[PDB]
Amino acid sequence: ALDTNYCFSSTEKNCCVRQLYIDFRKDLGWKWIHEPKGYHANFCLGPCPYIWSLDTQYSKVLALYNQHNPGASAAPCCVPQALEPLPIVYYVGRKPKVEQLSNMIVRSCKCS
């Protein structure tokens, strides 16, 4: 349950959902969307120690390796698990159209 619900509810040094806002024009150079002018994408940050949402088998061994070998580089990394859509409005000429952009918001992270 490494979601925005848990992670935002606390400070948390391990892998977790972090606040992030993106301006469509300032950050992507997307000049074509009408609303919103940007959105809260969030991102995944934090170390992946053993027990901490190691889902795959390889994660477990890899995390475990890292314990018995601290300064290693080799470690599971914190990445998104659940992604959610973002509804927007853009004009095509002066007809407005609503599209739903898939997987734009991270709601939860994992270690991989």
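One-based numbering along the sequence shown.
Across the two stretches, 71 to 79 and 34 to 42, the PDB entry reports the greater mean Cα temperature factor for 71 to 79. Between the stretches 101 to 109 and 1 to 9, it is 1 to 9 that shows the larger average CA temperature factor. Residue 29: CA B factor lies in the middle third for its chain, per the PDB record.
Ranked within its chain, residue 17 lands in the middle third, by CA B factor from the PDB record. In this PDB entry, the Cα temperature factor of residue 47 sits in the top third of its chain's modelled residues, the highest group. When the CA B factors of the chain's modelled residues are split into thirds, the value for residue 86 lands in the lowest one.
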